Structures are given as structure tokens and as C-alpha cells.
Amino acid sequence: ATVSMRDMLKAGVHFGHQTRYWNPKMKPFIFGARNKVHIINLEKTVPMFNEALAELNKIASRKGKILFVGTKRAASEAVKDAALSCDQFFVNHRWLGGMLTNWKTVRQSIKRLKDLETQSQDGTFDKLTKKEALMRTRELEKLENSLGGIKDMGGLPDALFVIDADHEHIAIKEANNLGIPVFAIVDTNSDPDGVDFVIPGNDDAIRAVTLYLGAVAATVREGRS
RNA sequence: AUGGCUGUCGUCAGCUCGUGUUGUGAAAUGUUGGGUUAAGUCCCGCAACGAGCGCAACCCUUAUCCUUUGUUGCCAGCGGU
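The structure reproduced in this document is the subject of the present report.

Notes on the overall build of chain A
Okay, so step 1: Helix and strand counts for chain A stand at seven helices and eight strands.
Okay, so step 2: By the compact-globule yardstick of 17 Å for 225 residues, chain A fits well, its C-alpha radius of gyration being 19 Å.
Okay, so step 3: Taking the principal axes of its C-alpha atoms as reference, chain A extends roughly 65 × 40 × 30 Å.
Okay, so step 4: Scored against the burial criterion, the 225 residues of chain A give a buried share of 47%.
Okay, so step 5: Partitioning the contacts of chain A with sequence separation of at least 6, the portion at a separation of at least 24 is 61%.

Structural notes on the pattern of salt bridges
Okay, so step 1: Tallied over the full model, the rule gives 11 salt bridges.
Okay, so step 2: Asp 158 is the partner of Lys 65 in a salt bridge, and the nearest nitrogen-oxygen pair spans 3.1 Å. You can see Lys 65 sitting in the loop between α2 (42-61) and β4 (66-69) and its partner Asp 158 sitting in the loop between α5 (130-147) and β6 (159-163), a full 93 residues away along the chain.
Okay, so step 3: With its nearest N and O atoms 3.7 Å apart, the salt bridge here joins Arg 224 to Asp 87. One end of the pair, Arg 224, is in the segment after α7 (206-219); the other, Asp 87, is in the loop between α3 (78-85) and β5 (89-91), and 137 residues separate them in sequence.

Focus on the pairing of β6
Okay, so step 1: The element β6 is extensively covered by neighbouring structure, given that five of its five residues are classed as buried.
Okay, so step 2: Residues of β6 alternate between two faces, with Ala 159, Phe 161 and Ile 163 on one and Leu 160 and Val 162 on the opposite face, all of them buried.
Okay, so step 3: Strand direction decides the pairing type here: β4 and β6, joined by four bridges, are parallel. Note that in β6 the partner of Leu 67 across the bridge is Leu 160.
Okay, so step 4: Here β6 runs beside strand β7 (residues 182-186); their pairing, made up of four bridges, is parallel. Opposite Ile 163, over in β7, you have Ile 185 as the bridge partner.

Some remarks on the sheet that holds strand β3 (residues 37-40)
Two strands in a sheet stick together by hydrogen bonds in their backbones, pointing the same way (parallel) or opposite ways (antiparallel).
Okay, so step 1: Within the open sheet, the three strands sit side by side as β1-β3-β2. Their pairing is antiparallel. Only two strands of the sheet have a single partner each, and these edge strands are β1 (15-18) and β2 (30-33). Averaged over all pairs of adjacent strands, the angle between strand axes in this sheet comes to 30 degrees, irrespective of strand direction.
Okay, so step 2: Judged from the two bridges that link them, β1 and β3 form a sheet pairing that is antiparallel. Note on β3: the bridge partner recorded for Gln 18 is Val 37.

Reading the values: the criteria
- Residues numbered from 1 in each chain as written, not as in the entry; some residues may be left out.
- Chains lettered and ligands numbered in written order.
- Part of a larger assembly, values for the part shown.
- Heavy atoms only, no water.
- Helix = DSSP H or I, 4+ residues; strand = E, 2+ residues; numbered from the N terminus.
- Rg over C-alpha atoms; globule rule 2.2 N^0.38 Å.
- Buried < 20%, exposed > 50% of the residue type's maximum accessible area, 1.4 Å probe, protein only.
- Contact = heavy atoms within 4.5 Å.
- Salt bridge = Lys/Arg side-chain N within 4 Å of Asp/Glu carboxyl O.
- Pairing = 2+ DSSP bridges.
- Axes fitted to C-alpha atoms, helices over the stretch in contact; angles between N-to-C directions.

Structural data, given as C-alpha cells:
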């Protein structure tokens, strides 16, 4: 449902970027500057985080398909487990340019993953030679590394969850073109114009992103009840 | 005025298209870049995702061996010459 302010300092969600890379549009969401490092205003994010979680909850109550987005090293594996914990979908390694705006052409690539999976469990690769069986399994390995989170998708997402918004500005722009509401974790270096429901928080720490991922995988499941 | 056929750049590795995105727009992207190759041949990354003509392969011949077949072909092991 909601979390307090005491655990905010434990995860370091106020530990933003320096006074060199900050975005000018972070003035309503910066508490101050400690040793030339901007501190995220923790009194401003806690009313804005819970209204997004209730915004993420009722869309999940109407059988909403939530998509998770994050392609950074610190949160590449944490975003995969959080989506499956709440029975949702994820994008973890690489966001393909045109994954949502060009949804038609990537579906042939999605079924191009499915026929390789049906050729994996039944025992089909073993009849072919060494060269053919190696590359089509190597083409397989690249496939669910970038499309395995959305191989169960079958449509356009109802809502979008974004980590490292400035690093994933392509994903936010793609959902904005189709009118899909996004849920981005904006840090001091990021731009929140594309973000419909702004959540100011630190995104460069493993323990910080798991606090959001743990909370967003928690808020979905009672909407499933 | 043409069909059909042919040479040439050049058997040079390029030529494009669909969707999406960018730019008012001509168009750009993909096709660029780090490696790599005879080759946009392959890997990775990347607002690109895929596909087609090209490359290669599939075709013929040559390079070694096995099986079957032995004439008008062949002559190792046995005879007459």
C-alpha cells in the first residue's frame, strides 16, 4: 500500500546526482545540495508515490496489462523478478526502437521466438547438423533476452513502469504517442514531461530500485483479488 | 517507335522495400559505427524492427576411399604360347 519515510534514507532514495548533471525542471523536487550533490525532496515524493500506486492498482483491478521497463546494469535482473512476482511483463536488456509504436512488425519477431521454443522442447534441433543447430539456438538466445518478457503479451500495455527515465526516453516517448500512461522513476538528471505520474526518486542504487520494484509488485496483487 | 536477345561497368558488393521514428519538406534511419570477411559474410551496439534482390550455399567437373556392375574393357594369382 504505502511505505514510511524512515526507510527512504536506508535505501538512499534521496541520493540524487551532483550539481553538474541536474535537470533544471527538478526545482519542486529537490530538498537541497549536500557537498555539491542534490538531495531529492523526500516530503514531496511520498504523497506522489502512493497516488501512483493506487493509480497502478485500479488499472490492475480491471485486468490491466502492466509492462516493466529498465535497461541498466543495477536493475536489469531486479525488474525481471518483480514483474513475475505480480504476474506481469518486463523489458530488461534492450528496448527495441519501435516496440510499442511499431507493434505490428515486432509480433512476427515474437512468433519467430515461439516456433523456436516449440522446436526446443519437442527435440527438433538434434536432427540437423552442427552448424544449423548452433546458430538457430544462438538466434534463439538473443530472442528472449530482448522479447521474452513480452512473449506472453498479445497486445498493447495498459500502463508502463519505467526505471531510469532519461536512459529510457525512447520507451516513454513510444507510450506517449499511443496515449499509454507511464510510471517513471525520475532522478535529478531526468526529464518528467513525458511522465504522466511523476515519482521523484533515486535510480542508481540496487537497494533503491528494489524498494520501488518491491512496492509496485506488492500494489498489483490485491488488484488481482 | 519496340519485343526478344547481347555486351559493359562487374561476379563489383552493393541495390531496395514494408512498418515505425526524425525533419514543414527534398529525404534521413535501418544500409551507420568497433571488430571481421572474398563478400551490408558474421557478432555486438544503436530508433530502429524485419523482409526481398544480391553474397554464399544448392548445380557440374576435378581432387581420396567404399559398395555394386565387368563387355568390345582389365591382367594380380595359375597353364599353353
